[PDB]
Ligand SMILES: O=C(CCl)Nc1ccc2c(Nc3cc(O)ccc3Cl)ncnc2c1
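What follows is one chain in structure tokens, specifically the form deposited without this ligand.
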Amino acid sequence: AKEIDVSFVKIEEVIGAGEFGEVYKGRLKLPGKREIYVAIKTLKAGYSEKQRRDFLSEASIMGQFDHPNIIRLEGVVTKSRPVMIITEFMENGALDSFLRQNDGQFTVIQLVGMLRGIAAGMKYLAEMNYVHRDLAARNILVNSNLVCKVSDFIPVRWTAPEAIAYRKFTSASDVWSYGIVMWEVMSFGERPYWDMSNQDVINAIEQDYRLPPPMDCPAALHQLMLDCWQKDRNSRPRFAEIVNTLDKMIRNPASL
């Protein structure tokens, strides 16, 4: 939680209207250092002091993390009003919109690279005993060189059955979500289970329906989704094995 002077920040265009408030693109120029682009998250106007505390405890959480695939926290503005959270800028926005606007324009190996980055960052999070519970493509950001970073610090079709039937949230149920993200990525942003209702998804998962391979999806990658969707949460691979599996595919591209 490093303290940033508001005068080192210029606020440019809006780039979203989040839960808590708006997100702006801006410029950060600290003394003696090269200017970088940043994302500036604000709290909705009129926020209460308890809403401020909640907001600033979100930042304390993101400041614990230092991983190439987790969104970097640059600092906070707390000495002046309004409060702001400064994070690193991701030029290409959320992964789901990004694939949807670039349908077919990335090779299989580039998509496995992004899936590998997401896994590495999920592994880091699991290793520090944080459960995300909202892992979806819309919560993954993409920078200018296609590096994917986990942000967002119940969506039924992304959630493991034991998190849709008994409120048990573990890294193992994050892995189920990761599988869904894999399907979203390989289909260039198709909606999981399409127009099925939330309850149709629940009933179909319970009778062992699983998503089919995306078009032109390697069998090996669809097998890894299927492993992520094992009914028993302990038969699912852990993020360590998912990273190692995808590293071996990137290296043995025949695997694909």
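One-based numbering along the sequence shown.
The following text describes the form deposited with this ligand bound, which does not appear among the structures shown.
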Check your understanding: Taking this ligand in the entry with it bound as the reference, which of 161, 82, 93, 113 has a non-hydrogen atom within 4.5 Å?
Key -> 93
Check your understanding: Exactly one of 36, 62, 56, 196 has a non-hydrogen atom within 4.5 Å of this ligand in the entry with it bound; which residue is it?
Key -> 62
Check your understanding: Do residue 222 and this ligand share at least one heavy atom pair within 4.5 Å in the entry with it bound?
Key -> no
Point to revise | Contact label in the entry with it bound: residue 11 to this ligand, heavy atom within 4.5 Å | key: no
Point to revise | Exercise: residue 89 in contact with this ligand in the entry with it bound, heavy atom 4.5 Å | key: yes
Review point. Closest heavy atom of residue 171 to this ligand in the entry with it bound, within 4.5 Å or not?
Key: no
Review point. What stretch, of 201 to 209, 186 to 194, 37 to 45, 226 to 234, brings heavy atoms to within 4.5 Å of this ligand in the entry with it bound?
Key: 37 to 45
